[PDB]
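A.B. asks: Following this line is structure.cif, made up of mmCIF, C-alpha atoms and all ligand atoms:
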data_data
#
loop_
_atom_site.label_atom_id
_atom_site.label_comp_id
_atom_site.auth_asym_id
_atom_site.auth_seq_id
_atom_site.Cartn_x
_atom_site.Cartn_y
_atom_site.Cartn_z
CA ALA C 1 -1.08 29.67 21.94
CA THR C 2 -0.51 26.26 20.60
CA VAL C 3 -1.79 25.60 17.17
CA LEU C 4 -4.20 22.95 15.88
CA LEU C 5 -2.50 19.60 15.92
CA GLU C 6 -0.90 18.93 12.52
CA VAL C 7 -0.80 15.63 10.64
CA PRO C 8 1.11 13.54 9.82
CA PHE C 9 3.11 13.24 13.05
CA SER C 10 6.24 11.48 11.71
CA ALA C 11 7.56 10.05 8.50
CA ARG C 12 9.56 7.36 10.43
CA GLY C 13 8.20 3.90 9.55
CA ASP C 14 10.32 1.96 12.21
CA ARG C 15 8.47 3.15 15.29
CA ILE C 16 5.05 4.39 16.21
CA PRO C 17 4.96 7.78 18.02
CA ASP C 18 3.88 7.48 21.71
CA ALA C 19 1.50 10.23 20.80
CA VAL C 20 -0.76 7.81 18.92
CA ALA C 21 -1.67 5.83 22.13
CA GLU C 22 -2.27 9.14 23.98
CA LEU C 23 -4.71 10.32 21.28
CA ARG C 24 -6.44 7.07 21.18
CA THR C 25 -6.98 6.99 25.01
CA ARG C 26 -7.85 10.73 25.43
CA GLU C 27 -9.51 11.66 22.05
CA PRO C 28 -9.99 8.84 19.55
CA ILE C 29 -11.63 11.27 17.22
CA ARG C 30 -10.15 14.76 17.17
CA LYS C 31 -9.64 17.71 15.01
CA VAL C 32 -6.32 18.13 13.11
CA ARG C 33 -4.87 20.30 10.31
CA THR C 34 -3.60 18.70 7.11
CA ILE C 35 -0.65 19.90 4.98
CA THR C 36 -3.10 21.91 2.79
CA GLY C 37 -4.44 23.91 5.74
CA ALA C 38 -7.71 22.06 5.84
CA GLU C 39 -9.28 20.79 9.06
CA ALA C 40 -10.06 17.12 9.37
CA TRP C 41 -11.19 14.56 12.01
CA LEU C 42 -8.45 12.06 12.89
CA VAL C 43 -9.87 8.71 14.01
CA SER C 44 -7.48 6.48 15.94
CA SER C 45 -9.37 3.62 17.70
CA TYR C 46 -10.21 0.25 16.26
CA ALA C 47 -13.96 0.70 17.03
CA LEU C 48 -14.20 4.13 15.39
CA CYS C 49 -11.96 3.33 12.42
CA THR C 50 -14.15 0.32 11.63
CA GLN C 51 -17.33 2.41 12.00
CA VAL C 52 -16.09 4.95 9.43
CA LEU C 53 -14.80 2.45 6.94
CA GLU C 54 -18.04 0.33 7.04
CA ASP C 55 -20.42 3.36 6.56
CA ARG C 56 -20.45 4.43 2.95
CA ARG C 57 -21.90 7.85 3.85
CA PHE C 58 -18.15 8.52 4.66
CA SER C 59 -17.42 8.64 0.93
CA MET C 60 -14.03 8.00 -0.83
CA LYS C 61 -15.32 9.30 -4.11
CA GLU C 62 -16.50 12.64 -2.72
CA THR C 63 -13.03 13.49 -1.42
CA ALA C 64 -12.36 14.52 -5.07
CA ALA C 65 -15.08 17.21 -5.24
CA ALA C 66 -14.01 20.71 -6.06
CA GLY C 67 -14.02 22.88 -2.95
CA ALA C 68 -13.76 20.00 -0.39
CA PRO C 69 -11.28 20.14 2.49
CA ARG C 70 -8.30 18.19 1.25
CA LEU C 71 -5.68 15.86 2.83
CA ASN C 72 -3.39 16.45 -0.13
CA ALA C 73 -3.57 17.47 -3.81
CA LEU C 74 -4.82 15.01 -6.40
CA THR C 75 -2.13 13.38 -8.46
CA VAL C 76 -4.70 11.74 -10.87
CA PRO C 77 -7.73 13.08 -12.69
CA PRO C 78 -10.68 13.46 -10.28
CA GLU C 79 -12.72 10.68 -11.87
CA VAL C 80 -9.89 8.30 -11.15
CA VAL C 81 -10.40 8.66 -7.44
CA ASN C 82 -13.48 6.51 -7.99
CA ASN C 83 -11.36 3.96 -9.90
CA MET C 84 -12.99 0.81 -8.46
CA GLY C 85 -16.49 2.21 -8.85
CA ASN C 86 -15.72 2.94 -12.49
CA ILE C 87 -14.34 -0.63 -12.92
CA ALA C 88 -17.46 -2.06 -11.30
CA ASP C 89 -19.83 0.06 -13.42
CA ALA C 90 -18.06 -1.19 -16.59
CA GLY C 91 -18.72 -4.77 -15.49
CA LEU C 92 -14.96 -5.47 -15.11
CA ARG C 93 -14.57 -6.12 -11.29
CA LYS C 94 -14.67 -9.95 -11.50
CA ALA C 95 -12.22 -10.06 -14.36
CA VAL C 96 -9.74 -7.62 -12.80
CA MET C 97 -9.90 -9.45 -9.50
CA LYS C 98 -9.24 -12.79 -11.20
CA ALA C 99 -6.19 -11.50 -13.03
CA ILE C 100 -4.43 -10.20 -9.92
CA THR C 101 -4.68 -13.30 -7.69
CA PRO C 102 -1.39 -15.01 -6.83
CA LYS C 103 -2.78 -18.39 -7.87
CA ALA C 104 -2.23 -18.04 -11.66
CA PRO C 105 -0.02 -21.01 -12.87
CA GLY C 106 3.70 -20.26 -12.68
CA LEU C 107 3.23 -16.96 -10.79
CA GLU C 108 4.57 -18.06 -7.39
CA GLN C 109 7.49 -19.94 -9.00
CA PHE C 110 8.22 -16.77 -11.00
CA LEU C 111 8.24 -14.77 -7.71
CA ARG C 112 10.58 -17.28 -6.00
CA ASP C 113 12.88 -17.36 -8.99
CA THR C 114 13.00 -13.57 -9.17
CA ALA C 115 13.67 -13.18 -5.43
CA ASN C 116 16.43 -15.82 -5.49
CA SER C 117 18.10 -14.23 -8.43
CA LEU C 118 18.03 -10.68 -6.90
CA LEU C 119 19.54 -12.15 -3.71
CA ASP C 120 22.28 -14.11 -5.55
CA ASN C 121 23.25 -10.92 -7.32
CA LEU C 122 23.55 -9.11 -3.97
CA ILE C 123 25.67 -11.95 -2.54
CA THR C 124 27.98 -11.89 -5.57
CA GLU C 125 28.47 -8.20 -5.34
CA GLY C 126 29.27 -8.40 -1.57
CA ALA C 127 27.96 -6.40 1.47
CA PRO C 128 26.65 -3.90 2.07
CA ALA C 129 23.49 -4.31 -0.06
CA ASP C 130 20.47 -1.97 -0.33
CA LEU C 131 17.35 -4.14 0.26
CA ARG C 132 14.92 -1.52 -0.90
CA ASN C 133 16.39 -0.50 -4.24
CA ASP C 134 18.05 -3.76 -5.09
CA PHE C 135 15.56 -6.27 -3.67
CA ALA C 136 12.08 -5.22 -2.46
CA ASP C 137 11.28 -2.67 -5.21
CA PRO C 138 12.62 -4.67 -8.16
CA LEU C 139 10.77 -7.80 -6.79
CA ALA C 140 7.51 -5.73 -6.70
CA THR C 141 8.15 -4.27 -10.15
CA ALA C 142 8.87 -7.67 -11.70
CA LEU C 143 5.79 -9.16 -10.04
CA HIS C 144 3.50 -6.44 -11.49
CA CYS C 145 4.94 -6.67 -14.98
CA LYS C 146 4.17 -10.39 -14.85
CA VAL C 147 0.66 -9.92 -13.43
CA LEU C 148 -0.09 -7.23 -16.06
CA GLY C 149 1.37 -9.30 -18.93
CA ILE C 150 3.79 -6.57 -19.94
CA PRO C 151 7.43 -6.85 -20.79
CA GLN C 152 9.80 -6.93 -17.79
CA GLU C 153 12.10 -4.43 -19.43
CA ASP C 154 9.31 -1.79 -19.31
CA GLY C 155 9.06 -2.11 -15.50
CA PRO C 156 11.87 0.38 -14.50
CA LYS C 157 10.55 3.36 -16.44
CA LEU C 158 6.93 2.73 -15.12
CA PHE C 159 8.41 2.47 -11.68
CA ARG C 160 10.25 5.76 -11.84
CA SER C 161 6.89 7.65 -12.09
CA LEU C 162 6.08 6.44 -8.57
CA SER C 163 8.24 8.72 -6.35
CA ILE C 164 6.07 11.60 -7.75
CA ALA C 165 2.77 9.79 -8.33
CA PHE C 166 2.38 8.83 -4.70
CA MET C 167 3.54 12.14 -3.24
CA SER C 168 1.36 13.67 -0.50
CA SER C 169 1.61 17.34 -1.54
CA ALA C 170 -0.17 20.51 -0.50
CA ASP C 171 -0.30 21.62 -4.13
CA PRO C 172 -0.76 20.12 -7.57
CA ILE C 173 2.35 18.48 -9.05
CA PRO C 174 3.19 19.30 -12.67
CA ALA C 175 5.46 16.20 -13.07
CA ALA C 176 2.59 13.96 -11.99
CA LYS C 177 0.54 14.98 -15.03
CA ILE C 178 3.47 14.57 -17.39
CA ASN C 179 4.13 11.02 -16.08
CA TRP C 180 0.43 10.13 -15.94
CA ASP C 181 -0.24 11.10 -19.55
CA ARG C 182 2.81 9.24 -20.72
CA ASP C 183 1.99 6.09 -18.74
CA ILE C 184 -1.64 6.17 -20.06
CA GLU C 185 -0.28 6.41 -23.58
CA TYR C 186 1.99 3.35 -22.82
CA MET C 187 -0.98 1.32 -21.57
CA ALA C 188 -3.10 2.32 -24.55
CA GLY C 189 -0.27 1.01 -26.76
CA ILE C 190 -0.31 -2.24 -24.82
CA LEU C 191 -4.02 -2.70 -25.50
CA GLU C 192 -3.37 -2.35 -29.29
CA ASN C 193 -0.22 -4.68 -29.13
CA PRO C 194 -0.96 -8.18 -30.50
CA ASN C 195 1.91 -9.74 -28.52
CA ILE C 196 0.20 -8.92 -25.25
CA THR C 197 -2.11 -11.87 -24.53
CA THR C 198 -1.53 -12.76 -20.93
CA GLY C 199 -2.11 -11.24 -17.52
CA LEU C 200 -4.42 -8.34 -16.68
CA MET C 201 -3.60 -6.40 -19.89
CA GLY C 202 -4.09 -9.46 -22.13
CA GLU C 203 -7.47 -10.05 -20.55
CA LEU C 204 -8.50 -6.33 -20.82
CA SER C 205 -7.39 -6.39 -24.42
CA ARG C 206 -9.72 -9.30 -25.24
CA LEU C 207 -12.67 -7.81 -23.28
CA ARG C 208 -12.16 -4.47 -25.19
CA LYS C 209 -13.08 -6.30 -28.43
CA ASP C 210 -15.97 -8.24 -26.99
CA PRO C 211 -19.46 -6.94 -27.80
CA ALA C 212 -20.45 -6.97 -24.13
CA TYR C 213 -17.84 -4.14 -23.53
CA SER C 214 -18.08 -2.15 -26.69
CA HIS C 215 -19.12 1.05 -24.90
CA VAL C 216 -16.41 0.86 -22.19
CA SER C 217 -13.93 3.60 -22.81
CA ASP C 218 -10.40 3.12 -24.00
CA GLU C 219 -9.45 5.63 -21.29
CA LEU C 220 -10.82 3.28 -18.55
CA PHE C 221 -8.92 0.34 -19.92
CA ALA C 222 -5.62 2.22 -19.94
CA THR C 223 -6.36 3.69 -16.52
CA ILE C 224 -6.76 0.20 -14.99
CA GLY C 225 -3.25 -0.68 -16.21
CA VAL C 226 -1.61 2.47 -14.80
CA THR C 227 -3.46 2.44 -11.50
CA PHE C 228 -3.02 -1.32 -10.70
CA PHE C 229 0.72 -1.21 -11.60
CA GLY C 230 1.27 1.91 -9.45
CA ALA C 231 -0.80 1.00 -6.42
CA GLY C 232 0.44 -2.58 -6.43
CA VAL C 233 4.12 -1.75 -6.88
CA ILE C 234 4.26 1.06 -4.38
CA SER C 235 2.23 -0.83 -1.81
CA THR C 236 4.07 -4.16 -2.00
CA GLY C 237 7.55 -2.66 -2.33
CA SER C 238 7.02 -0.33 0.61
CA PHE C 239 5.35 -2.97 2.80
CA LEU C 240 8.09 -5.53 2.18
CA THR C 241 10.86 -2.95 2.88
CA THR C 242 9.52 -1.87 6.25
CA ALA C 243 8.55 -5.52 7.20
CA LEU C 244 12.21 -6.49 6.56
CA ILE C 245 13.32 -3.75 9.06
CA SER C 246 10.87 -5.14 11.68
CA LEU C 247 12.19 -8.66 11.09
CA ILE C 248 15.93 -7.67 11.11
CA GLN C 249 15.42 -5.93 14.38
CA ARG C 250 13.91 -9.22 15.96
CA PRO C 251 16.75 -11.80 15.62
CA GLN C 252 14.73 -14.29 17.81
CA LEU C 253 11.81 -14.08 15.29
CA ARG C 254 14.16 -14.11 12.26
CA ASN C 255 15.66 -17.32 13.64
CA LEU C 256 12.26 -18.94 14.38
CA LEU C 257 11.05 -18.15 10.87
CA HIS C 258 14.25 -19.34 9.24
CA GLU C 259 14.00 -22.60 11.17
CA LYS C 260 10.25 -23.11 10.80
CA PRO C 261 9.17 -21.48 7.52
CA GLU C 262 5.67 -22.83 7.80
CA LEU C 263 5.22 -19.95 10.36
CA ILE C 264 6.04 -17.32 7.68
CA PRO C 265 2.39 -16.69 6.80
CA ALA C 266 1.51 -16.08 10.44
CA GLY C 267 4.50 -13.82 10.81
CA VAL C 268 3.54 -11.90 7.60
CA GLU C 269 0.16 -11.39 9.00
CA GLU C 270 1.62 -9.82 12.16
CA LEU C 271 4.00 -7.77 10.06
CA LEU C 272 0.94 -6.46 8.18
CA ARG C 273 -0.76 -5.65 11.48
CA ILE C 274 2.19 -3.64 12.80
CA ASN C 275 3.05 -1.98 9.48
CA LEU C 276 3.47 1.77 9.32
CA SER C 277 3.63 1.94 5.51
CA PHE C 278 0.64 4.28 5.06
CA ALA C 279 1.87 7.75 5.82
CA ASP C 280 -1.57 9.33 6.21
CA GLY C 281 -4.97 8.29 7.42
CA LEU C 282 -7.32 7.02 4.74
CA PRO C 283 -9.52 10.01 3.65
CA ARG C 284 -13.32 10.06 3.49
CA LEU C 285 -15.77 12.96 3.04
CA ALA C 286 -18.95 12.94 5.15
CA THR C 287 -22.12 13.01 3.02
CA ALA C 288 -24.40 13.44 6.05
CA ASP C 289 -24.19 14.46 9.68
CA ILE C 290 -22.98 11.23 11.49
CA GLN C 291 -22.13 10.65 15.13
CA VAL C 292 -18.65 9.07 15.63
CA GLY C 293 -17.82 8.64 19.26
CA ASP C 294 -18.24 11.94 21.08
CA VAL C 295 -18.20 14.02 17.84
CA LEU C 296 -21.03 14.84 15.36
CA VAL C 297 -19.20 14.84 12.09
CA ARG C 298 -20.92 17.30 9.76
CA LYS C 299 -21.73 16.96 6.12
CA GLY C 300 -18.85 18.01 3.93
CA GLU C 301 -16.06 17.47 6.55
CA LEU C 302 -12.95 15.37 5.97
CA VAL C 303 -12.28 12.30 8.08
CA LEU C 304 -8.94 10.52 8.27
CA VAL C 305 -8.88 6.82 9.31
CA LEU C 306 -5.55 6.19 11.03
CA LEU C 307 -4.67 2.52 10.22
CA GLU C 308 -2.04 2.24 12.95
CA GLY C 309 -4.50 3.75 15.35
CA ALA C 310 -6.71 0.70 14.83
CA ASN C 311 -3.91 -1.89 14.49
CA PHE C 312 -2.15 -0.89 17.67
CA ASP C 313 -5.32 -0.57 19.72
CA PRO C 314 -4.75 -2.70 22.89
CA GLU C 315 -8.54 -3.18 23.30
CA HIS C 316 -8.47 -5.27 20.13
CA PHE C 317 -4.86 -6.52 19.93
CA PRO C 318 -3.48 -6.98 23.46
CA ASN C 319 0.29 -6.22 23.70
CA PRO C 320 -0.09 -4.47 20.42
CA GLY C 321 3.50 -3.77 19.71
CA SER C 322 4.53 -7.38 20.01
CA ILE C 323 4.56 -9.85 17.07
CA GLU C 324 2.58 -12.84 18.46
CA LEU C 325 2.05 -15.70 15.99
CA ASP C 326 -0.91 -17.22 17.99
CA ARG C 327 -3.42 -14.39 18.16
CA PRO C 328 -7.11 -15.54 17.94
CA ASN C 329 -8.01 -12.58 15.59
CA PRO C 330 -4.92 -12.46 13.33
CA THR C 331 -6.50 -11.22 10.05
CA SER C 332 -8.80 -8.73 11.75
CA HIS C 333 -6.31 -5.89 11.26
CA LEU C 334 -7.00 -2.91 8.92
CA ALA C 335 -3.77 -3.09 6.90
CA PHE C 336 -5.85 -3.70 3.68
CA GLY C 337 -8.64 -1.37 4.77
CA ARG C 338 -12.26 -2.55 5.42
CA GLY C 339 -15.66 -2.34 3.71
CA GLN C 340 -16.50 -1.04 0.22
CA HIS C 341 -12.86 -0.18 -0.62
CA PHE C 342 -11.10 -3.23 0.85
CA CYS C 343 -7.84 -3.73 -1.12
CA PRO C 344 -8.43 -5.82 -4.30
CA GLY C 345 -4.77 -6.99 -4.26
CA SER C 346 -4.63 -8.28 -0.64
CA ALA C 347 -3.79 -11.90 -1.60
CA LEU C 348 -1.19 -10.82 -4.05
CA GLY C 349 0.44 -8.49 -1.41
CA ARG C 350 0.56 -11.30 1.16
CA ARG C 351 2.17 -13.64 -1.23
CA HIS C 352 4.79 -11.15 -2.44
CA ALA C 353 5.86 -10.58 1.16
CA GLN C 354 5.78 -14.28 2.14
CA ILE C 355 7.94 -15.28 -0.82
CA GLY C 356 10.39 -12.37 -0.47
CA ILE C 357 10.86 -13.13 3.24
CA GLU C 358 11.21 -16.89 2.70
CA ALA C 359 13.80 -16.31 0.04
CA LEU C 360 15.77 -13.70 2.11
CA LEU C 361 15.91 -15.90 5.24
CA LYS C 362 17.18 -18.88 3.31
CA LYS C 363 19.79 -16.94 1.31
CA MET C 364 20.87 -14.49 4.12
CA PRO C 365 20.11 -16.04 7.43
CA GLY C 366 22.63 -13.77 9.10
CA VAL C 367 20.98 -10.54 7.69
CA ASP C 368 21.50 -7.49 9.80
CA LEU C 369 21.45 -3.69 9.32
CA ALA C 370 24.82 -2.36 8.15
CA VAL C 371 24.11 1.10 9.66
CA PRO C 372 22.62 2.19 12.98
CA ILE C 373 18.82 2.30 12.57
CA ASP C 374 18.65 5.99 13.17
CA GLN C 375 20.77 6.49 10.00
CA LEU C 376 17.87 5.44 7.73
CA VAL C 377 16.52 8.39 5.67
CA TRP C 378 12.67 8.49 5.77
CA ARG C 379 10.94 9.80 2.68
CA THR C 380 8.80 12.88 3.50
CA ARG C 381 5.55 14.22 2.04
CA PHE C 382 4.78 10.89 0.49
CA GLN C 383 1.74 8.56 0.76
CA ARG C 384 4.00 5.74 2.16
CA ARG C 385 6.67 5.71 4.85
CA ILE C 386 9.87 4.25 3.39
CA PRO C 387 13.62 4.50 3.89
CA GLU C 388 15.40 5.87 0.87
CA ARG C 389 18.04 3.08 1.24
CA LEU C 390 18.03 -0.04 3.44
CA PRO C 391 21.77 -1.01 3.92
CA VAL C 392 22.32 -4.54 5.18
CA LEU C 393 25.09 -7.11 5.62
CA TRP C 394 24.92 -10.84 6.26
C1 LIG D 1 0.96 -5.23 1.20
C2 LIG D 1 0.44 -4.69 0.09
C3 LIG D 1 -0.71 -3.76 0.11
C4 LIG D 1 -1.25 -3.03 1.10
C5 LIG D 1 -0.78 -2.87 2.56
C6 LIG D 1 -2.41 -2.35 0.54
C7 LIG D 1 -3.30 -1.51 1.29
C8 LIG D 1 -4.48 -0.92 0.76
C9 LIG D 1 -5.40 -0.19 1.56
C10 LIG D 1 -5.29 0.16 2.99
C11 LIG D 1 -6.46 0.13 0.71
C12 LIG D 1 -7.69 0.86 1.08
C13 LIG D 1 -7.75 2.34 0.66
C14 LIG D 1 -8.97 3.04 1.18
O1 LIG D 1 -9.92 2.41 1.69
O2 LIG D 1 -9.01 4.34 1.15
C15 LIG D 1 -6.10 -0.34 -0.53
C16 LIG D 1 -6.79 -0.11 -1.74
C17 LIG D 1 -6.39 -0.42 -2.97
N1 LIG D 1 -5.42 -1.35 -3.32
FE1 LIG D 1 -4.04 -2.11 -2.02
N2 LIG D 1 -2.52 -2.72 -0.74
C18 LIG D 1 -1.56 -3.59 -1.08
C19 LIG D 1 -1.35 -4.19 -2.26
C20 LIG D 1 -2.02 -3.96 -3.45
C21 LIG D 1 -1.82 -4.55 -4.70
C22 LIG D 1 -0.88 -5.66 -5.00
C23 LIG D 1 -2.68 -3.91 -5.61
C24 LIG D 1 -2.84 -4.16 -7.05
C25 LIG D 1 -2.17 -5.01 -7.77
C26 LIG D 1 -3.45 -3.00 -4.86
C27 LIG D 1 -4.45 -2.14 -5.41
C28 LIG D 1 -5.31 -1.35 -4.71
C29 LIG D 1 -6.39 -0.51 -5.32
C30 LIG D 1 -6.63 -0.41 -6.83
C31 LIG D 1 -7.07 -0.04 -4.24
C32 LIG D 1 -8.29 0.88 -4.24
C33 LIG D 1 -9.60 0.09 -3.95
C34 LIG D 1 -10.86 0.95 -3.89
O3 LIG D 1 -10.75 2.15 -4.04
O4 LIG D 1 -11.89 0.22 -3.77
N3 LIG D 1 -3.07 -3.07 -3.54
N4 LIG D 1 -4.93 -1.04 -0.52
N1 LIG D 2 -1.51 4.44 -10.20
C1 LIG D 2 -1.61 5.64 -9.65
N2 LIG D 2 -0.71 6.61 -9.84
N3 LIG D 2 -1.07 7.62 -9.20
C2 LIG D 2 -2.21 7.38 -8.56
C3 LIG D 2 -2.54 6.13 -8.85
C4 LIG D 2 -3.62 5.49 -8.42
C5 LIG D 2 -4.79 6.19 -8.15
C6 LIG D 2 -5.92 5.51 -7.70
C7 LIG D 2 -5.88 4.13 -7.52
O1 LIG D 2 -6.98 3.47 -7.08
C8 LIG D 2 -4.71 3.43 -7.79
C9 LIG D 2 -3.58 4.11 -8.24
#
I need this file expressed as C-alpha cells, please.
C.D. replies:
Amino acid sequence: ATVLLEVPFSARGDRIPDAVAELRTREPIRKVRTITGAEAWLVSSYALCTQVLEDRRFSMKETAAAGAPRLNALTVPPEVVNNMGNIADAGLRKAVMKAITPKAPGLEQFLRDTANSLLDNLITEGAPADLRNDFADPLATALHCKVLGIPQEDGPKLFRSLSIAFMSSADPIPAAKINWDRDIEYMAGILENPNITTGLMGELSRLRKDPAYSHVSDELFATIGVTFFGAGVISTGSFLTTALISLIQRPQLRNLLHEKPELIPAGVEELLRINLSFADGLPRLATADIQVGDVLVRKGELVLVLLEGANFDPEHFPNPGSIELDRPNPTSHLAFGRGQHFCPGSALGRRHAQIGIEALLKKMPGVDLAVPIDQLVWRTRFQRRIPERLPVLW
C-alpha cells in the first residue's frame, strides 16, 4: 500500500511543491494525516479556503478541546488559543488594535532608522552578511519593543523564546512552558513598572487601573503582551526573510523597485500573495456537519486551510507564480487570513516589510545570495518556513 498523504509536504519556503497544483485540480479538499497521527481535511482552492474561513462553525477556539484531532501540540495554555475572543470579551479590541497600527507618530521613522543602522553595520563588517539573523529578525524585534513600549534591550531574550514557542510538534514541549511562564512574569512586571507609559503596554497599564476594566484579569493583560510580541515578531521576521529571497532571485524586479520605489507597496503586496511563510494550513474544528466541495465534513473533524493553496490558485490569480504589480485584485490574497480571525497586525506587517525592503534596496542595490540557493537550511517542524541563515553579498 501507500499510506494516507502526510502534511506538511515540504519545509522549503523558496518554492511551492508541484504537488499543490495537482491537489488543487484533482482534490481541493482531501484527507491527510498530521504529525500527531490525526486525520484532517486539507483545503487547497481559493473558493474552498474562503468558504471555511468565513464560516465560524469551522471554529479556531474548538481546536483546543481535549480529545480533538490535532495538527500539533499546544505551546500555550488552551484558553490562549481563543486570545482575540478573550481580548474582545474584556472590551480591549479597539484599544489593542489602535496601539499596533504603524501610524503612531515617529514609528515609521524609527523603523527606517533601525533598518538603516542594521544595514550600515553589515556594510562596515563586510560580506557575506546573514539577512535573517542580522537584519530581518532584529528589525522585527526592535519594531515590537517599540510598539509594546518596552525597553529595546529586553527584545533579544524575548526573541529567543520564539524558536520553541512557534514549534509545530507532535508532543507537548517542556521548554515552551518554562519560557511562557517566564515571559508572562516579565510582562506582569511591565504592567507594574511606572516607567512604561507608551505603546501597547503603557496603554494596557492605564486601562488596568481604570474602573471600566477592574474585573479584567492580570493574566489577560500579561498574555496580550507575550502573544502580540511573539506572533508579531515571528510573523514579520519570517515574512521579510523569505520575501527578500524572492526579491533577490528576481534581479529585474529588484532593479525596478530600486529605481521606482513608489512601486514597493505593490511589490510587497505580491510578495505577501506568493509567501510560503506559514508552514501548515490554518486549523479549524467543525462544530456541525458542513458540505465543502464534494466532502461532507463531520462535526468534530479537523480542517486545514492551505494559504498557498488559495494564493496560487490560477482561477483567482492568473499566472499565479509570477509577481505582477498591476493585478485588479491585489489585496484579495489570504496571507493575513480572512473572516473572524483576520490578522490584527496586517498594517503593521506591511509597513515593516515595505520599510525593510526600501532600506535594503537603497543601501545594497547589488544584493545577491552568497551561496547557491539550495544551500539554505530550512527550519523543520516549525509553524513558519524560514532559512536558518540567509547569506548575501552586495
Ligand atoms: C507579514 C506579517 C504577518 C503575517 C503574514 C500574518 C499572518 C496571520 C494570519 C494568516 C493570521 C490568521 C490565523 C488564523 O486565522 O488561524 C494571523 C493572525 C494573527 N496575527 Fe498575524 N501576521 C502578520 C503580522 C502580525 C503582527 C505584526 C501581529 C502583532 C503585532 C500579528 C498578530 C496576530 C494575532 C494576535 C493573530 C490571531 C488573530 C485571531 O485569532 O483572531 N500578526 N496572522
Ligand atoms: N506569543 C505566543 N507564543 N506562543 C504562542 C503564542 C501565541 C499564541 C496565540 C496567539 O494568538 C499569539 C501568539
A.B. asks: Measure the distance from atom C2 of ligand LIG 2 (chain D) to CA of residue 78 (chain C) in Å and round it to one decimal.
C.D. replies: 10.6 Å
A.B. asks: Identify the residues within 9 Å of coordinate (21.0, -2.1, 0.7) (same frame as the file), considering all atoms listed in the file, and give the answer as a list in words.
C.D. replies: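 Collected hits near the coordinates: residues 122, 127, 128, 129, 130, 131, 132, 133, 134, 135, 369, 370, 389, 390, 391, 392 and 393 of chain C.
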A.B. asks: Please, what distance in Å, to one decimal, runs between CA of residue 65 (chain C) and CA of residue 281 (chain C)?
C.D. replies: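 CA of residue 281 (chain C) lies 18.5 Å from CA of residue 65 (chain C).
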A.B. asks: At what distance in Å, to one decimal, does CA of residue 47 (chain C) lie from CA of residue 280 (chain C)?
C.D. replies: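 Those two atoms sit 18.6 Å apart.
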A.B. asks: Ligand LIG 2 (chain D): which residues are within 7 Å, counting all atoms listed in the file? Reply as a list in words.
C.D. replies: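 Counting only what the definition allows, namely all atoms listed in the file, the set is residues 75, 76, 80, 81, 83, 84, 162, 165, 166, 226, 227, 228, 229, 230 and 231 of chain C.
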A.B. asks: Do a neighbour search on region 314-320 of chain C at 9 Å with all atoms listed in the file, toss out local chain neighbours closer than 4 positions, and write the hits as a list in words.
C.D. replies: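 Residues meeting the cut-off are residues 45, 46, 47, 274, 310, 324, 327, 329, 330 and 333 of chain C.
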A.B. asks: Which residues form the shell of 6 Å around ligand LIG 1 (chain D) when you count only C-alpha atoms and all ligand atoms, given as a list in words?
C.D. replies: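 The residues within 6 Å of ligand LIG 1 (chain D), counting only C-alpha atoms and all ligand atoms, are residues 84, 228, 231, 232, 235, 236, 239, 282, 335, 336, 337, 341, 342, 343, 344, 345, 346, 348 and 349 of chain C.
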A.B. asks: Filtering to C-alpha atoms, could you give me those residues as a PDB file, keeping the file's coordinate frame?
C.D. replies:
ATOM      1  CA  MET C  84     -12.990   0.810  -8.460  1.00  0.00           C
ATOM      2  CA  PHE C 228      -3.020  -1.320 -10.700  1.00  0.00           C
ATOM      3  CA  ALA C 231      -0.800   1.000  -6.420  1.00  0.00           C
ATOM      4  CA  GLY C 232       0.440  -2.580  -6.430  1.00  0.00           C
ATOM      5  CA  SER C 235       2.230  -0.830  -1.810  1.00  0.00           C
ATOM      6  CA  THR C 236       4.070  -4.160  -2.000  1.00  0.00           C
ATOM      7  CA  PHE C 239       5.350  -2.970   2.800  1.00  0.00           C
ATOM      8  CA  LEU C 282      -7.320   7.020   4.740  1.00  0.00           C
ATOM      9  CA  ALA C 335      -3.770  -3.090   6.900  1.00  0.00           C
ATOM     10  CA  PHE C 336      -5.850  -3.700   3.680  1.00  0.00           C
ATOM     11  CA  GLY C 337      -8.640  -1.370   4.770  1.00  0.00           C
ATOM     12  CA  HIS C 341     -12.860  -0.180  -0.620  1.00  0.00           C
ATOM     13  CA  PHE C 342     -11.100  -3.230   0.850  1.00  0.00           C
ATOM     14  CA  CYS C 343      -7.840  -3.730  -1.120  1.00  0.00           C
ATOM     15  CA  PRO C 344      -8.430  -5.820  -4.300  1.00  0.00           C
ATOM     16  CA  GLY C 345      -4.770  -6.990  -4.260  1.00  0.00           C
ATOM     17  CA  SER C 346      -4.630  -8.280  -0.640  1.00  0.00           C
ATOM     18  CA  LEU C 348      -1.190 -10.820  -4.050  1.00  0.00           C
ATOM     19  CA  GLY C 349       0.440  -8.490  -1.410  1.00  0.00           C
TER      20      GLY C 349
END
A.B. asks: Produce a table with one row for each residue of region 201-263 of chain C that has an atom at most 12 Å from any atom of region 169-192 of chain C, each row naming the nearest atom pair and its distance in Å at one decimal; use only C-alpha atoms; arrange rows by chain and rising residue number; format as a Markdown table.
C.D. replies:
| residue | atom | partner | partner_atom | distance |
| --- | --- | --- | --- | --- |
| C:201 | CA | C:191 | CA | 6.7 |
| C:202 | CA | C:191 | CA | 7.6 |
| C:203 | CA | C:191 | CA | 9.5 |
| C:204 | CA | C:191 | CA | 7.4 |
| C:205 | CA | C:191 | CA | 5.1 |
| C:206 | CA | C:191 | CA | 8.7 |
| C:207 | CA | C:191 | CA | 10.3 |
| C:208 | CA | C:191 | CA | 8.3 |
| C:209 | CA | C:191 | CA | 10.2 |
| C:217 | CA | C:188 | CA | 11.0 |
| C:218 | CA | C:188 | CA | 7.4 |
| C:219 | CA | C:188 | CA | 7.9 |
| C:220 | CA | C:184 | CA | 9.7 |
| C:221 | CA | C:188 | CA | 7.7 |
| C:222 | CA | C:187 | CA | 5.0 |
| C:223 | CA | C:184 | CA | 6.4 |
| C:224 | CA | C:187 | CA | 8.8 |
| C:225 | CA | C:187 | CA | 6.2 |
| C:226 | CA | C:184 | CA | 6.4 |
| C:227 | CA | C:184 | CA | 9.5 |
| C:228 | CA | C:187 | CA | 11.4 |
| C:229 | CA | C:183 | CA | 10.3 |
| C:230 | CA | C:183 | CA | 10.2 |
A.B. asks: My list of candidates is C:31, C:112, C:103, C:384. Which is closest to residue 241 (chain C) when distances are computed with only C-alpha atoms?
C.D. replies: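 Among C:31, C:112, C:103, C:384, it is C:384 that comes nearest to residue 241 (chain C).
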